[PDB]
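*Asks:* First, the structure itself, so that you have it in front of you.
Protein chains: 6
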Amino acid sequence: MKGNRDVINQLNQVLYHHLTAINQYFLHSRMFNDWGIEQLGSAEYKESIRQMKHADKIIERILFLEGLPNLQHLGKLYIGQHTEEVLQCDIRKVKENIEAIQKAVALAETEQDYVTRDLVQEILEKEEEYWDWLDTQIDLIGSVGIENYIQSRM
Amino acid sequence: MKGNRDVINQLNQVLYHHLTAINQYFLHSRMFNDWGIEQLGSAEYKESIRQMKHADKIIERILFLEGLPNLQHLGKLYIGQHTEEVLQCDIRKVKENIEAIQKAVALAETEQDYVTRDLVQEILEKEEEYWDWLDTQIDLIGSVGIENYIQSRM
Amino acid sequence: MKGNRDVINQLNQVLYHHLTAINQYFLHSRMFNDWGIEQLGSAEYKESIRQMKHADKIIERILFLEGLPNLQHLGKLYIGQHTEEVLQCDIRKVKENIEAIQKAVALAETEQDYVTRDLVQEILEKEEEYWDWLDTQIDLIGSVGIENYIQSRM
Amino acid sequence: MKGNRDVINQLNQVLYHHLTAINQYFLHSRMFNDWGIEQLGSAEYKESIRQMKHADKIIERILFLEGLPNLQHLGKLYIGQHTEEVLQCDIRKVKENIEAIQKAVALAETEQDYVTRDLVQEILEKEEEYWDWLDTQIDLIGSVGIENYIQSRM
Amino acid sequence: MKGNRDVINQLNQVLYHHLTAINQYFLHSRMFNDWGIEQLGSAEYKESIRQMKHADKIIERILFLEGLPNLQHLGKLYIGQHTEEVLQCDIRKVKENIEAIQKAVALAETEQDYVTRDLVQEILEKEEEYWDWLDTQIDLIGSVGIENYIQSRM
Amino acid sequence: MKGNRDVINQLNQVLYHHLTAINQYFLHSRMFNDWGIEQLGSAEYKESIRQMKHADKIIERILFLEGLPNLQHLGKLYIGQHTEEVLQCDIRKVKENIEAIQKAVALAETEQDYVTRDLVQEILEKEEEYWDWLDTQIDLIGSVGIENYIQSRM
Ligand code: HEM
Ligand code: HEM
Ligand code: HEM
Numbered sequence: 001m002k003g004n005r006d007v008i009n010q011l012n013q014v015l016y017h018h019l020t021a022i023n024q025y026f027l028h029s030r031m032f033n034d035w036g037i038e039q040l041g042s043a044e045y046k047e048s049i050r051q052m053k054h055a056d057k058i059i060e061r062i063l064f065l066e067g068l069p070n071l072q073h074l075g076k077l078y079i080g081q082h083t084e085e086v087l088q089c090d091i092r093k094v095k096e097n098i099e100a101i102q103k104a105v106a107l108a109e110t111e112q113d114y115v116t117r118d119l120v121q122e123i124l125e126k127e128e129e130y131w132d133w134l135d136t137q138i139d140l141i142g143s144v145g146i147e148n149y150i151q152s153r154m
Numbered sequence: 001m002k003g004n005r006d007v008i009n010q011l012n013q014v015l016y017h018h019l020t021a022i023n024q025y026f027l028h029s030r031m032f033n034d035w036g037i038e039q040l041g042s043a044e045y046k047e048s049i050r051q052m053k054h055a056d057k058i059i060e061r062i063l064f065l066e067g068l069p070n071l072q073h074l075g076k077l078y079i080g081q082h083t084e085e086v087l088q089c090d091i092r093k094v095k096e097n098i099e100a101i102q103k104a105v106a107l108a109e110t111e112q113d114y115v116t117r118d119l120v121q122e123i124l125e126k127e128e129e130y131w132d133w134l135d136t137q138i139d140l141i142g143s144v145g146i147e148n149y150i151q152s153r154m
Numbered sequence: 001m002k003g004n005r006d007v008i009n010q011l012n013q014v015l016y017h018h019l020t021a022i023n024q025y026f027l028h029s030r031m032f033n034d035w036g037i038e039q040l041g042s043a044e045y046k047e048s049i050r051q052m053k054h055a056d057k058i059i060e061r062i063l064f065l066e067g068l069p070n071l072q073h074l075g076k077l078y079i080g081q082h083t084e085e086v087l088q089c090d091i092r093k094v095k096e097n098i099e100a101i102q103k104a105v106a107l108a109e110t111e112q113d114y115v116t117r118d119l120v121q122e123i124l125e126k127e128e129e130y131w132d133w134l135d136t137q138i139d140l141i142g143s144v145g146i147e148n149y150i151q152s153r154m
Numbered sequence: 001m002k003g004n005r006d007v008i009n010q011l012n013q014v015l016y017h018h019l020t021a022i023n024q025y026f027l028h029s030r031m032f033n034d035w036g037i038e039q040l041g042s043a044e045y046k047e048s049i050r051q052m053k054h055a056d057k058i059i060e061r062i063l064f065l066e067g068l069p070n071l072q073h074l075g076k077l078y079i080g081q082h083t084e085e086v087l088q089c090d091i092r093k094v095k096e097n098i099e100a101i102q103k104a105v106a107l108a109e110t111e112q113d114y115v116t117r118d119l120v121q122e123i124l125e126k127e128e129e130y131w132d133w134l135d136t137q138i139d140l141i142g143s144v145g146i147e148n149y150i151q152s153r154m
Numbered sequence: 001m002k003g004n005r006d007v008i009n010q011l012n013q014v015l016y017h018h019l020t021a022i023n024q025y026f027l028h029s030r031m032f033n034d035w036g037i038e039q040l041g042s043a044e045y046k047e048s049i050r051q052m053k054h055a056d057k058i059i060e061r062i063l064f065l066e067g068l069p070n071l072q073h074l075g076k077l078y079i080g081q082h083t084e085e086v087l088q089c090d091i092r093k094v095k096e097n098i099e100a101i102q103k104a105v106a107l108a109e110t111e112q113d114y115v116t117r118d119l120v121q122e123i124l125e126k127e128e129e130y131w132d133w134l135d136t137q138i139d140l141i142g143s144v145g146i147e148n149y150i151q152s153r154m
Numbered sequence: 001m002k003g004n005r006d007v008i009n010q011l012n013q014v015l016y017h018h019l020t021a022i023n024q025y026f027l028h029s030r031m032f033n034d035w036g037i038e039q040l041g042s043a044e045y046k047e048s049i050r051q052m053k054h055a056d057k058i059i060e061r062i063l064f065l066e067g068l069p070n071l072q073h074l075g076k077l078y079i080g081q082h083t084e085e086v087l088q089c090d091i092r093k094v095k096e097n098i099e100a101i102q103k104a105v106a107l108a109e110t111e112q113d114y115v116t117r118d119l120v121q122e123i124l125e126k127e128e129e130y131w132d133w134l135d136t137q138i139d140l141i142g143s144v145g146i147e148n149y150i151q152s153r154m
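The structure is reproduced here in structure tokens:
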């Protein structure tokens, strides 16, 4: 293939994690909506769409490199049963995403696939943003209490 | 739970097929784009998005009925290696979708879940449309030849 | 020089307090934002910008009077560790600002620098407004409780 | 000079390749137009202009670094005599561009000229895009036949 | 903290230099205006605002990494007494900025904080732009003479 | 071939001079910009683009006449080291351009290639305009002095 095989394999790992995140965040969105917590339903939906866009770019990059995108398998979904637990499940997932993306950055650099590096660098910045937003929600549950926090996210 | 357990379980079967169809069709879109056959890339993307909307509607219906939507599992993706084979892989997938939807209609009717029936009846109408479109593409390959057919779908 | 030396020196005292207030308020803004308390982040940003405009007006007045604006030095920043303490740190800072401004008004009047007096009198009016706003926030924390107060300032 | 001499020398190599590509793609554009294959005439023109823009940015970067941009010499032009051969000649050229750009990225990194690195990283992404487009045209000539392919590019 | 401690410390160094540059350029702006050299007053103001924006992004990045932004201290201000000397003082300052930013890029890379790296890479590009503009003004004073140069910058 | 071989060969001589002029003028533009003399940067850019359009028209004319445009070779670039020398280098280049164009007009007339003659006659009119502009700049340097002249072209 035109691309580096090891780079292609790690891009498929990143895709695996994006595919997993799409489904986790999407179900979390619809669970929050079913509960009437509509603003967190929206935030989870937006991040699900963001993950879908990430996956699209990785698939297209893998195909350009003449590799085979792997959409057949998923990782473990972390599904919470109440608001605070959902947030902690998302935190667990985004940390997995970031670790995989960081290793893709490091590997692309070593193999001199600089365009791939910049692609996953762009995704990483957004994953840090979602991690930050989740951390903030946890702290706010601490500051205002879970009853006030949910009320605010209706 | 408020909904019927067998109806709930068959809705998760329909969701499984939609989630699987999402990934098959989306990959086929990007492969057609990778091959330079952009009108088939676009058609496949549109059908993937429709499957995404179908899955959304089913997830929301399962949650209202107080069941647990299952997004953890995926079926076999039928991935083609050239234009004609891709179309045949899609035909195989939509036939699986339609069969699961038909059993959901029949079962929803029996259990007097008339609102679920109407939801899955609407999805069925769209699945028949995609099936018809695929049949037409295969016939057109026969009528005009694969070289003219691909040329037309650039 | 064309201006009065004591007036010039007290204007640099006012500038010192504005420069210090810029940094305290700006950091408090970004800390509130980091905590998810965005309306207090916004209020603190607005007051930092006002302090930036105050400092600008004083610098321009010192230069017209042919003195040397001193931007090299900073006072103690009072940095809080939670919402209520931040507000109290700001109250301490604005009280220092107002005291320096009041001495500038009194001294400008004595030395018949009536244009400088009016400049610092305008700044004072705005500093009293920020002081009033801070007092109100503290009272509101008392009336509604810190959990409701923070919830409201998200 | 303010810049690193070795970095400057490699930037002049990249410029050499951009200057060469401008002329190859431009002549190919006008040859396709002379043949009546106007859509490939347009694609070659757009890429010629893109190469001109690349050259502009490299020249300006070399001058900022206090080096001497070398516009006096050109590399070998690969000029095809029929559609498929033209595409293969462009593929040969873009591969030369990318190799020179990749070595510029690697060298800028080692010498800690991070702004130069980002400049050539941006160009590289576009060169990969043109390489991809060319690969696609070759495959389409395979899929639809050269007679249909040219017809489509009129 | 979630961030790397050494990266956080170097980000605080970059902030230190941005805080210093804000004040130097701002005073230089108002000094040029006091002298009637309004176009250089404007250029210094714009760059002061640019430095303020740089500082904002670094503060927010430090807080995201769970570090403590240090706004309490400033570096030495280089304040000129006539047009050419002001420009040379700014040149001294921007070189300090760039050295600190380059070491932040190198350190972020080593510790695999790739989003921080991209943030300071973006700032660096702008600092090179201001350095270039300053170099140009010095040369123009050489070409046209200081009397013509100031006249032009009124 | 459909065109006259000697006419075809002289058209390639004109193209050679345009391609050479493109590069000289474009570099002069970016050098003037690098020096802060932006109105001369702009004037030189405009003349480079005109030379690019001239080269395009000649390439298209050679191809219609079924000859082979030669873009592989370049003449001596006359690169100045200061404003006055640059202008003199441009004067030398446009004089070469005009001489090649004049021989193309005379030869096209002899061989009754009246359409080619009119094409090169139009280009000549524009080359005389650039020659006139350059002469004016040199005279203006004499009338106002180089320091005022450069000041005016900032
Ligand atoms: C499996 C990999 C998937 C990929 C690559 C993918 C890709 C995309 C893309 C590219 C878009 C358009 C984004 C935009 O234009 O703003 C989109 C939209 C959407 N996706 Fe997905 N998607 C995936 C899975 C899913 C799943 C599993 C669901 C539901 C559980 C879903 C639900 C949606 C919805 C509801 C939309 C909005 C469509 C619209 O309103 O137009 N997606 N997806
Ligand atoms: C000390 C760190 C500072 C930071 C982080 C900071 C930050 C900012 C920011 C983020 C803006 C808005 C920029 C925009 O939206 O375009 C701004 C504007 C401004 N700053 Fe600062 N600033 C600082 C210090 C100063 C100082 C010391 C002065 C005066 C000597 C100053 C004078 C101004 C002025 C006059 C404006 C324009 C405000 C307006 O017209 O809306 N700043 N600053
Ligand atoms: C040799 C190095 C060259 C450089 C750095 C260069 C640079 C440029 C630039 C910066 C533009 C404007 C792009 C834009 O604003 O969109 C341009 C336009 C153009 N160039 Fe070049 N160019 C070069 C050579 C050539 C050559 C050799 C030709 C012809 C064979 C050519 C033909 C054109 C044409 C036809 C245009 C469009 C101008 C217009 O319609 O405004 N260029 N070039």
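Chains as they are written, first to last, in the deposited numbering: chain H, 1 to 154; chain G, 1 to 154; chain G', 1 to 154; chain H', 1 to 154; chain H'', 1 to 154; chain G'', 1 to 154. A prime marks a further copy of an entry chain.
From the three backbone atoms N, C-alpha and C, an ideal C-beta is built for every residue, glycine too.
1. Quick check: does the Cβ of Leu27(H) come within less than 8 Å of any heavy atom belonging to ligand 1?
2. Cβ atoms of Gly3(H'') and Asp113(H''): under 9 Å apart, would you say?
3. Quick check: does the Cβ of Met52(H) come within less than 8 Å of any heavy atom belonging to ligand 1?
4. Could you compute how far the alpha carbon of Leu27(G'') sits from the alpha carbon of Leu71(G'')?
5. Do the segment 9 to 22 of chain G and the segment 52 to 64 of chain G make contact, defined as three or more Cβ pairs closer than 8 Å?
6. Using alpha carbons as the reference points, say which of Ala43(G'), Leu68(G') and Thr110(G') lies closest to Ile22(G').
7. Can you list the residues of chain G' that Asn148(H) reaches, using a CB-CB cut of under 9 Å?
8. Which residue marks the beginning of the alpha helix (DSSP H) containing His73(G), and which one marks its end?
9. Is DSSP giving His17(H) helix, strand or coil here?
10. Who are the neighbours of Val115(H'') on chain H, taking C-beta pairs under 8 Å?
11. For a test of your reading of the model: does the CB of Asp56(G') fall under 8 Å from any non-hydrogen atom of ligand 2? Yes or no.
12. Are the C-beta atoms of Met31(G) and some chain H' residue less than 9 Å apart?
13. Does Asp6(H) have its Cβ less than 9 Å from a Cβ in chain H'?
14. Quick check: does the Cβ of residue 155(H'') come within less than 8 Å of any heavy atom belonging to ligand 2?
15. Assuming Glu60(G'') and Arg30(H') form a contact by the criterion Cβ under 8 Å, report the distance between their Cβ atoms to the nearest whole angstrom.
16. If you run the structure through DSSP and keep just helix, strand and coil, what is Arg50(H')?
17. Let's test the definition: count the other Cβ atoms within 10 Å of the Cβ of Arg117(H) and tell me whether it reaches 16, buried, or not, exposed.
18. Where does the unbroken alpha helix (DSSP H) through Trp133(G) begin, and where does it stop?
19. If the cut-off is 8 Å on Cβ atoms, which residues from the segment 87 to 114 of chain H' count as contacting chain H, listed in chain order?
20. What are the boundary residues of the alpha helix (DSSP H) that includes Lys93(G')?
21. Is the separation between the beta-carbon of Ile98(H'') and that of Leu124(H'') shorter than 9 Å?
22. Taking the beta carbon of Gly142(G'') as the centre, do at least 16 other beta carbons fall within 10 Å, making it buried, or is it exposed?
23. Can you determine whether any heavy atom of ligand 5 sits closer than 8 Å to the C-beta of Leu71(H'), and answer yes or no?
24. Is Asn148(G') near ligand 1, going by C-beta to nearest heavy atom under 8 Å?
25. If contacts are defined as beta-carbon pairs under 8 Å, then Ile150(G') and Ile37(G') qualify, I think. What distance do you get, rounded to the angstrom?
26. Shortest alpha-carbon distance to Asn33(H) belongs to which of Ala100(G), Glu66(G), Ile79(G) and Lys95(G)?
27. Taking its Cβ as the centre, do 16 or more other Cβ atoms sit within 10 Å of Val7(H'), making it buried, or is it exposed?
28. Between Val14(G'') and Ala104(G''), is the Cβ-Cβ spacing less than 9 Å?
29. At the level of alpha carbons, what is the spacing between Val86(G') and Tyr25(H)?
30. Taking only beta-carbon atoms, is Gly142(G'') less than 9 Å away from chain H''?
*Replies:* With the given structure in hand:
1. yes
2. In this structure, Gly3(H'') lies closer than 9 Å to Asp113(H'') by Cβ.
3. yes
4. 18 Å
5. With a cut-off of 8 Å, the segment 52 to 64 of chain G and the segment 9 to 22 of chain G count as touching, because enough Cβ pairs lie within range.
6. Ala43(G')
7. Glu147, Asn148, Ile150 and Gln151
8. Element bounds for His73(G): n/a, residue is neither H nor E.
9. Helix.
10. Chain H residues near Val115(H''): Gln121, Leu124, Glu125 and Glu128.
11. The answer is yes for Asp56(G').
12. no
13. No - not a single Cβ of chain H' is within 9 Å of the one on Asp6(H).
14. Here chain H'' has residues from 1 to 154 only, and residue 155(H'') is not among them.
15. 6 Å
16. Three-state result, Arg50(H'): helix.
17. buried
18. Element bounds for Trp133(G): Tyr114 to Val144.
19. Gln102, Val105 and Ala106
20. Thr83 to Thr110
21. yes
22. exposed
23. In the structure shown, ligand 5 is absent; the only ligands present are ligand 1, ligand 2 and ligand 3.
24. No, the Cβ of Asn148(G') stays beyond 8 Å of every heavy atom of ligand 1.
25. 6 Å
26. When each option's Cα is compared against that of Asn33(H), the closest is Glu66(G).
27. buried
28. In this structure, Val14(G'') places its C-beta atom within 9 Å of the C-beta atom of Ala104(G'').
29. 35 Å
30. no
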